[PDB]
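What follows is one chain in structure tokens, specifically the form deposited in one PDB entry.
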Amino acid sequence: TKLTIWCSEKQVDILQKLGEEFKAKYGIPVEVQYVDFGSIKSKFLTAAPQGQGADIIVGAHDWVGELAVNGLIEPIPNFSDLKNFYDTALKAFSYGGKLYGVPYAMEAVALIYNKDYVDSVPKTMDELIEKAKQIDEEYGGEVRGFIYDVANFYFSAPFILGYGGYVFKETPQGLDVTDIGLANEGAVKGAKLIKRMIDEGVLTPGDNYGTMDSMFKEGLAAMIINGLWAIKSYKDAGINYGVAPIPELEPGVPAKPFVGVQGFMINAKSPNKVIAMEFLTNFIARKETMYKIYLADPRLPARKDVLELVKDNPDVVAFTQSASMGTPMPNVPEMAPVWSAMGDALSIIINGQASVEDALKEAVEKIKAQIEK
């Protein structure tokens, strides 16, 4: 009997050597194969129901809810080392009160700012708004104090979710996709704060990803909301940038960005799940392995004590801190219609074509209608 793993390209070498350690101690070889995320899911969905497919796979946390309900991935037994993982990363791989994977990477946006215009990170969103107005005034509109992809629900979620909005209500039986909180009082308050930034001129209805991104590269945007994926282009453009978590919406009320997480999962139909689980919890999950995984592919780490090891990367520290206060993108298939419905609602709001209340309630109605079909 041998163990089979489907992993990413930059994980093969690390997992092959680790498997050699596992073979020496237990006498079970480990076969490691690179498979891309898209093909992992399509292969797993038809191999796993028969007991085939890899014993261990990597994948996105978004898959967990459906793989868990269909009994294809195995609940991770609690082990002590779990205390060293970010709560957001563990929640992202949890469903119905059970952990279903061991995460290794996170991704979330943060505040990125040009230090030629911002001397200290604003402590609150009210301070950010005042600073943005002052910057707009000082440079006569040539420099935008604050700009981001405002009508995109992924980028505006820190405000809508931070004030109390939620996508699906969490219950002990799993996410209740019949209970959608995108129009409750918190969501309305978050959307009203976005609308206030529009009304005061700090944001405009024409703000989108492209205009934000190009303006920051050219040195004409003081503060933006973006992720680690854009940092290289800003460095190459010669921007003296800094990264920090999005300022508190109010004192004591943090911004709550969406977080994407990648992790390892166990084939629940495999005859080798016990040996596969041992290797996952005792070998893959260890701090030393996760640090090597980070070095070979620097993504925001899922372990707190791995971040402590880094080192020379202040950007990763800021983005990881942003992810820690964030919330996972809901890991169920019913999340799919939410993006476009909320993006339409945001556009309607910022263009003054409906009240915040009416636009959000319409968005929830359309989400439910599409979930039903």
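Residues that one form lacks are left out of the comparison. Numbers follow the displayed sequence, beginning with 1. Between two forms, the rigid core is defined as the largest C-alpha subset superposing within 1.5 Å.
One more form of this protein exists, namely the form deposited in another entry; it is left out here, but the text below deals with it.
- When the two forms are superposed on their rigid core between this form and the one not shown, the C-alpha shift of 2 Å or more among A132, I112, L72, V188 belongs solely to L72.
- Annotation: Cα of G145 displaced by less than 2 Å between this form and the one not shown, core superposition.
- In the core-superposed comparison between this form and the one not shown, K287 has its Cα shifted by at least 2 Å.
- Once both forms are overlaid on the rigid core, the distance between the two CA positions of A237 between this form and the one not shown is under 2 angstroms.
- Relative to the displayed conformation, the Cα-Cα distance from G97 to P257 grows by 3 Å or more in that other deposited form.
- Contraction of the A60-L346 CA spacing by 3 Å or more is recorded in that other deposited form, set against this form.
- Against the superposed rigid core, the consecutive-residue runs (3 or more long) showing CA movement of at least 2 Å between this form and the one not shown span 1-105, 261-299, 301-312.
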